[PDB]
């Protein structure tokens, strides 16, 4: 049921790396004003990895408070420990989050059965809608369509963020499932095509700097308007490319800085976008009319 443009929102930071609450606040308000359908708080793009548990809670709480029930909020609550994922997802629920996005355990490479048992355990432990999140390139594991299909049987497992960018496989996944659970794109550059094939939305990086354009692209692709989905995407297709010239969220945070929306803060081991890409990005933002 949650659909359209879902922004994986950055966690604005002060020069020293402290969370910049006033920028965070303005961003959320802007996304709501601009058309953004919902926000994933503290996901990969929001630097889940470098924020303390206390900061995860603080950030989730502020985004919910500022949203004021106008759009649904998803809390990023993934962990590579089943026990810890349970704790983070429970905390998200108690905070009133509408759903939780859970990346597959990264680094420790669990088996498919383990991924199955991991998710099942969380779903039975916390009574909240859970969205799976597969991004093999970052985690070391690949949650198969088959395993996702098995998980779709659990009532509170309501979707999956497929960041593979493998359109054929995403379509295969969509078809293998029925409205059993939703499928969200996690790859901005092929998102439009995924939604045209039935995905319910796009958990976007690009929606961070072009919330309305992406808002529109999703509405149109979900309505199966291929031609208008193609020409509305072409206008921002370049953005989809440069926002990953270095690992996300490095580029998108610098973009947001060139837009005057946030400061340069960014936490190690991540680093400020290398000088090498700042100008080509400034030009990409101009070419798209962002600035």
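Positions refer to the first chain, counted from 1.
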So 40-48 or 23-31, which one's hotter by mean CA B-factor in the entry?
23-31
The stretch whose C-alpha atoms carry the larger average B-factor in the entry, 129-137 or 92-100, is 92-100
Largest Cα B-factor, entry values, listed residues 203, 122, 183, 154:
154
Whose C-alpha has the highest temperature factor in the PDB entry: 115, 71, 163, 207?
71
Could you tell me which third, lowest, middle or highest, the C-alpha B-factor of residue 13 occupies within its chain?
middle
Assert third(CA B-factor, residue 255) within chain per record equals middle
Hey, what third does residue 179 fall into on Cα B-factor, ranked over its chain?
highest
What third of its chain, lowest, middle or highest, does the C-alpha temperature factor of residue 109 fall into?
lowest
The third of the chain into which the C-alpha temperature factor of residue 188 falls is the lowest
